């Protein structure tokens, strides 16, 4: 008996494909260092949890909250980065405005893409500390719900899909933007994979 392990997905493009918005130096360590670290961290914790389940680690030889909380940290660390990479694309394929159903929903709920961009940027910059900014598609209400995560595992909304995702941990921009997170946020719009976003949304319509 055991749990299936996680696997680092391949990057959808070269590490420099996002320049000049996000330097290849950032992407390189962000993917090969940070993301890989989450896959590894999640897997080692799964191996440890398997031992708890099998009884190879008996009472007093583990602290369950440390394992469980470490798992939500690493698993989300992996899942969110995997979404992050696929949510971006080199300028041209990336950037611009959304079309199809996504654009329609955005207009109905925010008036226009231009307004949405403002509100999202504003909400992303209001995030106290490290975390993420995402646009959910609530399959229950049909609302494109904006949300900011603190760390990788706090503030998520249960079961619904992430359509737009922006990494706000400092390692996602520091080497290039230093402490100017807001400039990184502005630059990020230029590599958003709107087509992938529309494609994902379609799956829930």
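Numbering follows the first chain given and starts at 1.
- Averaged over their C-alpha atoms, the temperature factors of 53 to 61 and 148 to 156 are higher for 53 to 61.
- Look at the C-alpha B-factors of 135 to 143 and of 25 to 33. On average they run higher in 25 to 33.
- When the modelled residues of the chain are ordered by their C-alpha B factor, residue 81 lands in the lowest third.
- Placement of the Cα temperature factor of residue 48 within the chain: middle third of the modelled residues, per the deposited record.
- Compared with the other modelled residues of the chain, the Cα B-factor recorded for residue 130 ranks in the middle third.
- Sorting the modelled residues of the chain by their CA temperature factor places residue 123 in the middle third.
- The PDB entry assigns residue 105 a C-alpha temperature factor belonging to the middle third of its chain's modelled residues.
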